[PDB]
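K.L.:
this one is an experimental structure. Sequence first:
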Amino acid sequence: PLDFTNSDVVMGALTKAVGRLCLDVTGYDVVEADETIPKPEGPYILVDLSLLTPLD
Amino acid sequence: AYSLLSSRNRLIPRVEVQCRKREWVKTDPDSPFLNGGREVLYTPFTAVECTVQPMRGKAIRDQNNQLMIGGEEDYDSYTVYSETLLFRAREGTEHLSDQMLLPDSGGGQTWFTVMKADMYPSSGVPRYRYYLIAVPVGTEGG
Amino acid sequence: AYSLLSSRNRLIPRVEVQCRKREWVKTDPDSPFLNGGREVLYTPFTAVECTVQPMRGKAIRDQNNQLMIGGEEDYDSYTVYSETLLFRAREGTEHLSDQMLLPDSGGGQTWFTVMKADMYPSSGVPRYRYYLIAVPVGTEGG
Amino acid sequence: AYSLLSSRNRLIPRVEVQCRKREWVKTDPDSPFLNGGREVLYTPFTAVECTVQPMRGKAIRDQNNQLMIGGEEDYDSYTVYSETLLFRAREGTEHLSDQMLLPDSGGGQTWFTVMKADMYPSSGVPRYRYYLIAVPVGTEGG
Amino acid sequence: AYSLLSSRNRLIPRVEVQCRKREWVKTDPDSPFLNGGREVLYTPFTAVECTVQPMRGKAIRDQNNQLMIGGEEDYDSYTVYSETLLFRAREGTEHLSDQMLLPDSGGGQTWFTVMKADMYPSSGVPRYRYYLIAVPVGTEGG
Amino acid sequence: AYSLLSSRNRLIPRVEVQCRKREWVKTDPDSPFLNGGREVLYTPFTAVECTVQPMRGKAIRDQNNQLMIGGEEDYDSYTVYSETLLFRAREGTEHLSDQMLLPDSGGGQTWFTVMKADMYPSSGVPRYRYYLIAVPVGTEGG
Amino acid sequence: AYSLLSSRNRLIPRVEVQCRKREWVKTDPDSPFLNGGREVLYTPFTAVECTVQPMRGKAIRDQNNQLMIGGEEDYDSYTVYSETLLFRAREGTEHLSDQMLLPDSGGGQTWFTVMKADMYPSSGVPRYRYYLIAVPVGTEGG
């Protein structure tokens, strides 16, 4: 009954948090690296989770 | 104007092949991304008559089974002459490249994705040449 | 002197194509730069008779749709034989390279920019060969 | 349809060769790995009629004995035309590439592993071309 | 000995072209350098009969207008067959390479500098082949 | 089966050449190494009839005298057609590659070491092609 | 055996050329080096009949005048067919490569050094092919 939010939930929600703030400020369009699509029209931003570091 | 080439051949055998068009769509309701949960929509069709031929050389990238650090991966390709019009992907749109189903070196059947299409707009006769690469095993391409 | 080649062919079909000349101009009143807000001026015209043909190989840079980190970009090219004179860009001037409209692999129509022009000044007959590259999708070249 | 090529030749001599299919299996009872102690299972067979030919150039990687920091290693290869169907490896399965026994430059006999197979699905006649590379001396390949 | 090639052709048209020899001189009175303020001296002349032809391929370095970080630069070249003797530069001397004026892809006329000259001393007939590269726009070469 | 090629030619002259087989042996009594003080044992013989030809190109590695930081070193090679069987080295054994004595560009005679041997097991006729490289001057190869 | 090629041609003109053999010697009395003050000894001679031809391509290293950071250097080369035997350098000796005097692109005459010699020991007829490179201007080679 003592539940929580495991790693998978936090990691996936961090991308969307970055995605919304980029859209809401710059006014550009957003896209991730996870799946490939034909290049959109107009300015846009690409998001990628390049690296991840643990603390021992 | 061309006359002989504007008609179907009567010496070399030709076969028909199956194909399928491809689009994509966004599924996630709240994700702010154009990608969302991408999905592909298919609509089948066939080519009137086609000729299939393999790569001519033996270059290391044209071999069928390739040794990688994971395991003996798989690769195939072809060159096709056809009288049907097939389209590649176009940017700023939701259309993807057409695919068509052909036999492979492992004895099965798999989908090949159109990569290069050749046309002669000034001649008039509808004869085309395509270059195809087999979809990665276990996926539906991109 | 050449006689047969100094006249129009009567066996191979030829077509006319549309073109357009290109200049550029500075618009910003106060910017100290030659660039300013660049603009291009067009003046249309047509080529008397032309023949269009595609690239012969299958080299990775000659394929139509290319996979980049952003998405499946687009590329096209041609080789054209014509009896009209078309010019490339010249430095220290305001003239840009001529462009001409031709069909593409995606089924549409787009502008191609002249990159290489071949001439035979010592022969006399006005027959030329050009090499063209499709303008990037969503822009008007440079 | 093809008629002459759908029958066996009557001018150029052809020979039969021996082959063997290959699978693999896991032996370790407690190891958590798909590899385990790998083993290969064989099932012999023969090709109806074949033609063997050597590499045409003299490129450094096509020479027979090669100088490495350890010692004069060994290398061989061939190109084979055959009317039997041989298969390469397929991923996500337990099947490996077929092998066939041929003479080598050292006077002995060794196994060659199929690497590239060419087929013409639209023609119909069962004529194939293969490219083979000799198994490393002292092992049974991979 | 050669007879037919020792006479002027009577089927293919040929044209004459203009040329100019080139030296150099030091002008600074006090500078200790061989360069000084370099100057070039010219002496015009003409070639008896010549044939001009363009480069055959489409390699990136043979295209006419090239994209650099500054702007769309200009480039041209030719291959010339002639019965006049033209000389390249010689070291330890004050002589430079001969130049000759030919039409370009931009519709104008510019000077081309001789880079490679071919001769057949053992044959006797005075027929030569040259390879030329257009002088950079806005300068007189080197 | 082949008939004409199964007999000796009667138009092109052919010559016989001398050869010698090569093994190796360990001499040091106490050294723990397989190498020890290596020695080579020879057993002479001759080839029935052979044809010698030089390399066709002019690539920098095929030139005879080469400029190195030490001095103008020496290099030679050939292509030989023969009806005698010659063997390359085989691993895990004490046999080395056969050698045969041929004239060189310096006017002398030196030993060439077999590097590539071509055979056609499915044809039957005993005709072979070899590629040879001259032993380094002052040594007996490896 | 060859008959026609064992006699001098009667259609294509051929010319004789001059040559000179080359050795070297040590002059310093006290220097401990094999080099000492090197000197070269010459002994002239001539070739019976020869044919001279230039390089066929236009590769950057085959052009006559080359642009270096110092100045427009000079380069020339040839391919020669001859019935005289000329030798390259041999190691562990005091003999150097033969040289022969031929016309150059600058209108003068200079010495060319033999670099590659081709022979057909199994044929018998004394016909050879050489490849030559012009000595650096201002020196006598090496």
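P.N.:
Perfect, I can see it now. Numbers count the residues shown, from 1 in each chain, chains lettered A, B, ... in the order given.
K.L.:
does residue B:52 really touch residue B:131, like I thought?
P.N.:
No: between residue B:52 and residue B:131 there is no contact under C-beta atoms under 8 Å: 11.7 Å. Bear in mind the C-beta positions are built from the backbone N, C-alpha and C, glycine included.
K.L.:
common neighbours of these two, please.
P.N.:
B:78, B:79, B:80 (C-beta atoms under 8 Å, 6 or more residues apart in numbering or on different chains).
K.L.:
which one of the residues you listed is nearest residue F:33?
P.N.:
residue B:78 (54.3 Å; C-beta to C-beta).
K.L.:
now do the strands in the chain.
P.N.:
Let's take chain A. A:29-32, A:44-47 (DSSP state E).
K.L.:
I was after chain B.
P.N.:
With DSSP E as the criterion, chain B has strands at B:15-22, B:42-53, B:65-67, B:72-74, B:77-82, B:99-103, B:109-118, B:128-134.
K.L.:
save the ones you listed as a markdown table, and put in distance to chain A and mean neighbour count too.
P.N.:
Converted to a markdown table, the strands of chain B look like this (distance: least, C-beta to the nearest C-beta, whole Å; neighbours: other C-beta atoms under 10 Å in any protein chain shown):
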| stretch | distance to chain A | mean neighbour count |
| --- | --- | --- |
| strand B:15-22 | 11 | 17 |
| strand B:42-53 | 16 | 15 |
| strand B:65-67 | 22 | 16 |
| strand B:72-74 | 20 | 17 |
| strand B:77-82 | 20 | 19 |
| strand B:99-103 | 15 | 19 |
| strand B:109-118 | 13 | 20 |
| strand B:128-134 | 15 | 19 |
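K.L.:
how about these, which one is nearest chain C?
P.N.:
With respect to chain C, and counting by C-beta to the nearest C-beta, the nearest of the strands of chain B is strand B:109-118 at 4.3 Å.
K.L.:
who does residue B:134 form a beta bridge with?
P.N.:
Assessed by DSSP bridges, residue B:134 has beta-bridge partners residue B:112.
K.L.:
distance check, residue B:47 against residue F:33.
P.N.:
67 Å (C-beta to C-beta, to the nearest Å).
K.L.:
number of nearby residues for residue B:29?
P.N.:
The number of residues packed near residue B:29 is 7, by other C-beta atoms under 10 Å in any protein chain shown.
K.L.:
same question but for residue A:9, I mixed them up
P.N.:
10.
K.L.:
any chance of the strands of chain B in a markdown table with distance to residue G:127 as columns?
P.N.:
A markdown table is the format used below for these (distance: least, C-beta to C-beta, whole Å):
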| stretch | distance to residue G:127 |
| --- | --- |
| strand B:15-22 | 56 |
| strand B:42-53 | 45 |
| strand B:65-67 | 48 |
| strand B:72-74 | 53 |
| strand B:77-82 | 46 |
| strand B:99-103 | 55 |
| strand B:109-118 | 48 |
| strand B:128-134 | 48 |
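K.L.:
quick one: residue A:51 from chain C, how far?
P.N.:
Distance, residue A:51 to chain C, using C-beta to the nearest C-beta, to the nearest Å: 16 Å.
K.L.:
can you check residue B:119 too?
P.N.:
7 Å.
K.L.:
wait, that residue sits on residue C:107?
P.N.:
No: look at residue B:119 against residue C:107 with C-beta under 8 Å: they stay out of range, at 9.9 Å.
K.L.:
more neighbours, the two?
P.N.:
Just comparing residue B:119 and residue C:107: by other C-beta under 10 Å the higher neighbour count belongs to residue B:119, 21 against 14.
K.L.:
for the nearest residue to the more buried one once chain neighbours are set aside, list each beta-bridge partner.
P.N.:
Nearest residue to residue B:119, sequence neighbours excluded (C-beta to C-beta, 6 or more residues apart in numbering or on different chains): residue B:128, at 6.1 Å. For residue B:128, the beta-bridge partners under DSSP bridges are residue B:82.
K.L.:
let me see the contact set for residue B:128.
P.N.:
B:81, B:82, B:83, B:84, B:85, B:86, B:117, B:118, B:119.
K.L.:
pretty sure the third one contacts residue B:48?
P.N.:
Read it as residue B:83. Yes: counting by C-beta under 8 Å, residue B:83 does reach residue B:48; the two are 5.2 Å apart.
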